[PDB]
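A look at the structure
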Amino acid sequence: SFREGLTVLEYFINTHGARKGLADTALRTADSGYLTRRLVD
Amino acid sequence: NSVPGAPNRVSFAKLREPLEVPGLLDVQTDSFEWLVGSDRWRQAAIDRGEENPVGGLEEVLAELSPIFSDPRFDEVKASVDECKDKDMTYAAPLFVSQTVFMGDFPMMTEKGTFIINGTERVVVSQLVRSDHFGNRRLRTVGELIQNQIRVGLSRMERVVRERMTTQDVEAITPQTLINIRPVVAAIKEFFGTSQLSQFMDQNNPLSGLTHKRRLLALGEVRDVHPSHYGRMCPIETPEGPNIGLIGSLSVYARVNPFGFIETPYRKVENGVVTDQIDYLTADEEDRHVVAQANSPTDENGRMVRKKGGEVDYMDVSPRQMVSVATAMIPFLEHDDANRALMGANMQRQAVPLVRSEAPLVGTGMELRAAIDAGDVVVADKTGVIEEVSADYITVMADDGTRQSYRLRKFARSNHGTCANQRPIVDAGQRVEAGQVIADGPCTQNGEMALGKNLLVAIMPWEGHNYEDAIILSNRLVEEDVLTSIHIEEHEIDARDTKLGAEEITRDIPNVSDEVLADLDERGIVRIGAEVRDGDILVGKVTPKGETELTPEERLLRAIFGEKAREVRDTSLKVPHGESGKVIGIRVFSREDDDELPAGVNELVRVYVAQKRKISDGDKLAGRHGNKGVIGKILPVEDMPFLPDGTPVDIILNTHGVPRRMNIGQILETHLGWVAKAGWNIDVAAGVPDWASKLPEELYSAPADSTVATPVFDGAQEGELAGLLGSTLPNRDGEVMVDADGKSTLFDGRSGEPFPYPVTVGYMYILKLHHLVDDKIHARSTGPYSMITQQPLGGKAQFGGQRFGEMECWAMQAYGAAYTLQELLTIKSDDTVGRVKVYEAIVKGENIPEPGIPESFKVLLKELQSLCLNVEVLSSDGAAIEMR
Amino acid sequence: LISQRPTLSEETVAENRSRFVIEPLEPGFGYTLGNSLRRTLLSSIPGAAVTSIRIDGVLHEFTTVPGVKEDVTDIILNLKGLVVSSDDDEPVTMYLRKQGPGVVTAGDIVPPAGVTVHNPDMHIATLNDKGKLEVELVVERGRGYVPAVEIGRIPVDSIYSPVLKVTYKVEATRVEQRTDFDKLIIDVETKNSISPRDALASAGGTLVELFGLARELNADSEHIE
Amino acid sequence: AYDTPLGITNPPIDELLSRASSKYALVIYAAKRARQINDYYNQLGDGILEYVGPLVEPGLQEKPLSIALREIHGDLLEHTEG
Ligand SMILES: C/C(=C\[C@H](C)CCCCC(=O)O)[C@@H]1O[C@@H]2C=C[C@@H]1OC(=O)\C=C/C=C\C=C\[C@H]1O[C@@H]3C[C@H]1O[C@@H](/C=C/C[C@H]1O[C@H](C[C@H](O)[C@H]1C)[C@@H](O)[C@@H](O)/C=C/CC/C=C/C2)[C@@H]3C
């Protein structure tokens with residue numbers, strides 16, 4: 001709900017968690033392809 | 001604002017900018033100037049600092065002496081332009097009883113870059129720890145250069161120690177003991193190959209600006225830290241698996257002598273903002289409580305960060321945490337960090353357009369970012385113009401001095417993007433110092449113009465703008481609004497070889513006079529000639545050994561009386577799928593002394609340019625991370641058009657699903673229409689309650705007015721709807737948009753209107769470097785690698801696609817055994833297979849049975865080399881071999 | 001100016017249903033004249049139909065008609081399908097009155113001089129035991145489809161145009177050098193009063209005549225071949 | 001009904017699968033026949049063999065694989081699996 005707009009400090013806190021989702025998503029794709037290969041194997 | 005020739009861009013800022021944006025190109029200059037120890041640094045540091053500062057090299061000798069002192073630096077050998085032309089390194093030799101020349105010393109341009117072997121490089125500042133966030137040191141360009149010199153000097157003394165013992169005493173001098181090879185080779189080994197030394201990314205002025213200022217985080221660990229406020233931008237980082245590691249410096253970030261980043265802070269005492277702005281490093285930040293930028297200050301005078309936590313000193317302004325690229329996204333406070341990061345990255349992915357239109361709805365950084373990038377011509381001294389020509393501009397300063405500026409005209413950038421400067425001044429114009437004289441590639445009137453302002457409609461249009469696809473009006477092609485020039489460089493060399501010396505000549509062995517029709521007398525394509533895929537650019541010929549020709553060819557030789565020429569053909573043709581006009585030719589000969597690598601006789605390079613119309617398939621995007629390809633381009637006739645008959649330029653589907661939002665995009669679209677049509681609040685008996693927070697200046701505005709809404713301090717929802725209410729009609733006085741920002745559009749095909757009112761407006765979109773012409777690849781047959789006989793992507797083109805392991809799984813899943821076998825054999829590794837297939841295809845015969853893929857044969861050889869006796873046993877044939 | 005010779009082909013779907021194709025059209029004339037053709041065929045071809053009817057026994061009774069299985073509503077829907085060509089132009093009042101148990105099939109209605117029913121096998125109603133039914137129905141020529149607007153007089157929706165359902169679609173053909181040439185597909189279902197082919201000629205004739213008003217401003221302009 | 005097939009989708013796979021065991025057998029079924037037809041248009045089959053077909057009235061420029069599919073749809077040929 002960014003409709004009202006967030007001040008300086010409010011936006012800083014939001015970045016702390018948003019960056020974890022992008023990094024956590026990087027590990028979701030690697031292992032799934034390493035698992036799918038063993039499955040196929 | 002505060003700049004002489006600054007254009008009029010009204011701002012919705014409710015807070016004054018107390019401190020002017022620092023020279024955001026200083027991070028590179030200060031460090032290198034401290035390194036070389038320029039007098040400007042000594043004069044600047046002595047005024048408010050230690051009276052005995054030591055230069056980087058001066059400090060290196062201080063610790064090294066006694067084993068060297070007073071090093072010299074002559075004026076630069078050649079000019080930057082002269083270095084980039086001759087492919088040499090912008091350097092100034094340095095000197096140091098016996099005098100010693102240590103080597104050519106690279107130098108930093110005014111743009112904070114280096115010319116290393118004719119290419120413009122940029123050193124990235126590294127942030128290393130001196131644990132906690134504040135414990136980060138941050139090596140500046142000059143400092144991490146000095147450290148590389150330490151290795152050179154120290155190992156140089158290791159050589160002198162060995163030399164003096166074996167050498168006779170008094171029979172040796174500093175010149176005989178000093179072998180500076182490890183010193184000069186240490187700096188040459190840095191600017192090249194070093195991971196911190198990088199080719200300047202410059203397809204738009206902003207890209208190169210953010211390339212500098214960008215820093216490395218490591219010398220969990222990727223997550224942002226409270227300390228990063230006002231220092232490193234958390235909203236800017238690569239999307240790939242390098243997030244967090246790489247980050248761009250904040251706008252107002254300033255580095256202290258050591259390298260510890262400092263942030264501007266205005267100490268707040270007694271609840272009143274003090275104009276005294278002081279440097280507070282990460283550690284010094286906890287000492288005094290820091291106040292929030294957006295604060296309620298009533299008239300004259302008048303949520304804070306704790307020393308170690310969250311929620312004494314006041315912030316200098318908003319966007320301290322934000323970087324330049326991030327600070328240029330209007331309505332940044334509404335978009336999610338993901339899209340904001342996406343938006344910033346795509347801003348530096350834009351390409352310079354031929355027209356370069358400034359954004360209709362922008363922020364504040366445009367003007368400052370453009371002039372600081374270095375791609376815009378600035379007047380050094382107030383005065384008046386004496387001459388204005390497409391080639392150069394001269395200014396007659398009142399002082400009496402006489403300065404001139406040569407303009408980059410169709411200069412190819414590092415990735416083929418054309419950089420063309422336009423003069424914006426006239427003859428008698430009186431210009432002030434620091435003013436803008438000529439526009440850069442992506443600039444207009446001094447401010448960055450990375451895209452164009454287009455009429456948008458946010459309605460789904462018969463599935464052609466599906467998911468992330470976009471549809472454009474053919475007007476964008478006819479009016480060259482999204483047309484961008486792209487220059488390509490080709491090169492060929494003539495050197496000595498094993499059995500002969502290459503000779504670049506016009507005469508080609510087997511060719512018709514038509515194919516050579518566009519070549520000159522020397523054999524190089526004539527200037528201004530149109531070149532299609534496969535045409536010859538430079539005719540080179542190299543010696544061929546014992547001919548041993550085929551008899552079937554010799555017979556035709558005598559029949560048609562064409563003497564089998566002596567040597568082979570080696571001409572430089574245009575890569576497949578490329579085309580354009582020839583701009584310039586650079587010829588470097590040997591008879592003409594010049595200076596080429598040993599064996600090279602002649603060196604010529606041809607530059608080809610292309611005028612790229614915005615084509616279906618190209619990738620467009622806005623400043624809010626929204627991106628998508630061009631799915632279709634309708635003629636202007638069949639396009640949703642307003643009652644004026646004014647067709648819309650692009651039709652964008654509603655990408656933002658709920659929760660996903662992407663709110664910032666919707667805001668600038670409405671403001672885009674406001675700024676395009678002007679407004680007038682029609683104040684009667686006061687002004688509406690929403691305009692109370694507004695400053696007078698935005699009350700009345702004419703059509704096509706540019707607006708500025710700085711990131712966090714920008715227009716607000718209430719003020720918007722109010723501006724929506726005020727909209728100057730067109731010719732005849734009809735109204736095209738209501739207070740909801742919607743309009744009843746007429747389907748240009750059926751002729752009947754669309755049943756519901758559709759949202760229309762003007763959005764600032766960009767043309768991204770991803771281009772169809774560069775990404776379309778097709779291959780029937782082509783070159784094959786040497787070691788592995790697999791289809792190799794020829795340097796011209798024709799690279800084959802990879803059928804990876806996963807694709808094989810999908811092929812096995814279908815059970816298409818034949819299609820799979822076909823791909824891994826006759827289509828790749830089958831030495832005799834792919835030829836007999838092509839043969840069979842031309843004749844129209846059945847395709848033969850696949851053979852043995854060369855990869856497998858190589859496998860057995862690799863095994864045998866490992867002393868593994870492998871035998872491909874038959875059912876009853878015992879052993880077998882390939883052969 | 002000269003074009004590329006677009007042709008007009010017709011494929012017969014049924015006895016009263018045929019689809020037409022024009023190939024090739026210049027981008028993007030497919031949609032330009034397309035929607036205008038469907039609009040001309042549907043609401044620009046002259047034809048006679050039923051306007052209002054009155055049935056004996058129903059003046060304030062809304063739902064049912066005694067002695068007949070079909071209700072009031074269902075009875076009207078049948079008569080709407082009645083196709084009759086009347087050149088009288090003005091409202092003519094035909095009469096249909098049959099008694100005794102049986103099936104009234106339009107052929108029972110005596111058409112006044114000037115009107116001719118084209119579907120004599122049409123089922124209008126089924127008759128109950130020892131029951132008679134006298135129906136009077138107004139018929140005046142018209143155009144297109146005019147919705148519905150005296151005691152016991154029931155105005156009914158009027159399907160004036162012979163064309164019953166028309167739809168069109170567009171594709172791309174004619175490779176050569178440019179593969180975005182338009183192909184116009186139009187689907188028209190016609191009542192047996194006039195064939196699909198004639199309907200197109202009437203619609204086409206009325207269009208050219210209608211567009212002759214812009215031509216008369218100057219017959220010397222270039223336009224196209 | 002299924003309206004009408006356009007190009008590759010004709011004939012339907014369902015009407016073709018009734019002529020063979022599995023979708024895979026259908027592949028080899030039509031594949032080898034296509035090789036037979038194309039041999040016929042050329043000189044077939046070199047020594048000791050004579051090509052047969054097209055059994056059905058070929059289209060204007062119909063591809064031999066597209067012909068073997070129509071032939072299988074009309075039961076014009078029988079096959080034996082090994
Ligand atoms: C991954 C990396 C550098 C990559 C080559 C580029 C960064 C990719 C991140 C991204 O663009 O999303 C790191 O670089 C340094 C040390 C370790 C790492 O090296 C690595 O892990 C790998 C390589 C490090 C240096 C390579 C130098 C040479 O390799 C080529 C030629 C030489 O320089 C390189 C040029 C890099 C310029 C890039 O600039 C970016 C865009 C493109 O990715 C490039 C044009 C611009 O967006 C610019 O603003 C961003 C610069 C990245 C700042 C990072 C500094 C730390 C080019 C690829």
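Residues numbered from 1 in each chain as written, not as in the entry; some residues may be left out. Chains lettered and ligands numbered in written order. Part of a larger assembly, values for the part shown. Heavy atoms only, no water. Residues with missing side-chain atoms left out of burial classes, pairs and counts.

What the entry reports as its method is X-ray crystallography, with 2.9010 Å given for the resolution.

In the nomenclature of the PDB entry, chain C corresponds to DNA-directed RNA polymerase subunit alpha from the organism Mycolicibacterium smegmatis. Its official PDB title, as written in the record, is "Crystal structure of a Mycobacterium smegmatis transcription initiation complex with Rifampicin-resistant RNA polymerase and antibiotic Sorangicin". According to the UniProt record, the Catalytic activity comment for chain C reads "RNA(n) + a ribonucleoside 5'-triphosphate = RNA(n+1) + diphosphate". For chain C, the Subunit comment in UniProt is given as "Homodimer. The RNAP catalytic core consists of 2 alpha, 1 beta, 1 beta' and 1 omega subunit. When a sigma factor is associated with the core the holoenzyme is formed, which can initiate transcription." (UniProt positions renumbered as here; feature names shortened; annotations may be inferred.)

Under the PDB entry, the name given to chain A is DNA-directed RNA polymerase subunit beta', and the source organism is Mycolicibacterium smegmatis.

**Brief notes about the interface of chain B and chain A**
If you look at the interface, chain B gives 31 residues, while chain A gives 19 residues. Elements with a contribution of two residues or more to the side of chain B that touches chain A: α10 (337-347) and α17 (805-814) of chain B. With three residues, α10 of chain B is the largest single contributor of residues to the side of chain B that touches chain A. Of the residues assigned to the side of chain B that touches chain A, the class counts are 16 nonpolar, eight polar and seven charged. (Contact = heavy atoms within 4.5 Å. Helix = DSSP H or I, 4+ residues; strand = E, 2+ residues; numbered from the N terminus. Nonpolar A, V, L, I, M, F, W, Y, C, P; charged D, E, K, R; others polar.)

**As for the site of the ligand**
All names here are of chain B. Taken together, 14 residues lie near the ligand, and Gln195, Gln198, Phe199, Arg214 and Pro238 sit nearest. Here an oxygen atom of the ligand sits 2.9 Å away from a polar atom, N or O, in the side chain of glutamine 198. Measuring from an oxygen atom of the ligand, one finds a backbone N or O atom of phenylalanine 199 at 3.2 Å. If the ligand stood free it would expose 930 Å²; the protein chains cover 62% of that surface. Elements represented by at least two residues in the shell around the ligand include exactly β8 (197-199), α8 (205-211) and β9 (214-216). Here the shell around the ligand takes three residues from β8, the largest share from any one element. (Near = heavy atom within 4 Å. Polar contact = N/O pair within 3.5 Å; in protein donor to acceptor, adjacent residues only side chain to side chain. Areas by Shrake-Rupley, 256 points an atom, 1.4 Å probe, with all protein chains shown as cover.)

**Re unusual backbone geometry**
Cis peptide bonds are those with omega within 30 degrees of zero, and the linkage from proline 27 of chain C to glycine 28 of chain C qualifies with 0 degrees. Here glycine 28 of chain C is to be found in the loop between β2 (17-25) and α1 (29-43). Residue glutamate 299 of chain B is not a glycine yet carries a positive backbone phi of 50 degrees. With respect to the helices and strands, the residue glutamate 299 of chain B is situated in the loop between β14 (290-291) and β15 (304-305). Phi angles above zero are rare outside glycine, and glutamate 548 of chain B is one such case at about 50 degrees. Relative to the helices and strands, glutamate 548 of chain B resides in the loop between β34 (536-542) and α13 (551-560).

**Some details on the nonpolar core**
Of all hydrophobic cores here, the largest spans 49 residues; its most connected members are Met321, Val324 and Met365 of chain B. Broken down by secondary-structure element, the contributors of at least two residues to this core are α1 (8-40) of chain A together with α8, α10, α11 (365-373) and β45 (758-767) of chain B. A domain split of this core shows at least three residues from each of domain 1 (332-360 + 449-482 + 613-661 + 742-771) and domain 2 (361-448) of chain B. Apart from residues no more than four positions distant in its own chain, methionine 365 of chain B is found in contact with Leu24, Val251, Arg319, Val324, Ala327, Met328 and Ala370 of chain B. Core analysis: the second largest hydrophobic core is formed by 33 residues, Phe32, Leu35, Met107 and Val123 of chain B among them. (Core = buried A, V, L, I, M, F, W, Y, C linked by side-chain atoms within 4.5 Å. Buried < 20%, exposed > 50% of the residue type's maximum accessible area, 1.4 Å probe, protein only. Domains from an automatic or database assignment.)

**Some thoughts on the sheet that holds strand β24 (residues 422-423) of chain B**
All names here are of chain B. Taken together, the three strands give an open sheet; going across it, the order is β18-β26-β24, and neighbouring strands pair in antiparallel fashion. The sheet is open, and its two borders are formed by β18 (377-378) and β24, each paired with just one other strand. In the sheet, β24 pairs with strand β26 (residues 436-439) via two bridges, with the strands oriented antiparallel. Paired with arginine 422 across the two strands is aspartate 439, which belongs to β26. (Pairing = 2+ DSSP bridges.)

**Re the side chain of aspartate 649 of chain B**
Residue and element names in this part refer to chain B. Structurally, the position occupied by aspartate 649 is in the loop between β39 (627-634) and β40 (650-652). The class for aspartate 649 is buried, based on a relative accessible area of 6%. What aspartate 649 contacts, discounting residues up to four positions off in sequence, is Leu454, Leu455, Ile471, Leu472, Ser473, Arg475 and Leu476.

**Focus: the interface of chain B and chain C**
Between chain B and chain C, the contact holds four residues from the first and four residues from the second. Summed over both partners, the interface of chain B with chain C comes to about 390 Å²; 39% of that surface belongs to carbon and sulfur atoms. Between the two partners, chain B and chain C, sit zero salt bridges. (Buried area = accessible area lost by both parts, 1.4 Å probe. Salt bridge = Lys/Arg side-chain N within 4 Å of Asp/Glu carboxyl O.)

**Some details on the packing of aromatic side chains**
By the definition in use, this model includes 10 aromatic pairs over all chains. A ring pair is formed by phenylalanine 190 of chain B and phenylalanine 191 of chain B, whose centres lie 5.6 Å apart and whose planes are at 90 degrees; its orientation type is edge-to-face. Aromatic pair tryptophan 673 of chain B and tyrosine 762 of chain B: ring centres 6.3 Å apart, planes at 5 degrees, arrangement stacked. Here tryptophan 673 of chain B is found in helix α14 (residues 663-677), whereas its partner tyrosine 762 of chain B is found in strand β45, with 89 residues between them in sequence. Looking at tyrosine 762 of chain B, the relative accessible area reads 14%, which means it is buried. Its guanidinium or amino end placed over the ring of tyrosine 31 of chain C, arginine 749 of chain B lies 4.2 Å from that ring's centre, counting from NZ or CZ. (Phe/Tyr/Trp six-rings, centres within 6.5 Å; stacked < 30°, edge-to-face > 60°. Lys NZ or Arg CZ within 6 Å of the ring centre and 35° of its normal.)

**What about the pairing of strand β9 (residues 133-143) of chain C?**
Residues and elements named next belong to chain C. Pairing analysis gives eight bridges linking strand β3 (residues 46-55) to β9, with the strands arranged antiparallel. Looking across to β9, one finds that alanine 48 is bridged to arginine 141. Examined bridge by bridge, strand β5 (residues 92-98) and β9 share seven bridges and lie antiparallel to one another. When the bridges of β9 are listed, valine 92 appears paired with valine 139.

**Let's talk about the domain arrangement of chain C**
Residues and elements named next belong to chain C. Under the domain assignment used here, chain C contains domain 1 (1-46 + 161-214) and domain 2 (47-160). Each of domain 1 and domain 2 has a C-alpha centre, and the two are 34 Å apart. Listed by partner, the interface residues are 10 residues for domain 1 and 10 residues for domain 2. Carbon and sulfur atoms make up 54% of the surface buried where domain 1 meets domain 2, a total of about 780 Å² over both sides. Taken as a group, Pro46, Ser161 and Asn192 account for 54% of the area that domain 1 buries against domain 2, more than any other trio of residues on that side. On the surface where domain 1 and domain 2 come into contact, there are zero salt bridges. Here domain 1 and domain 2 share two residue pairs in polar contact between them.

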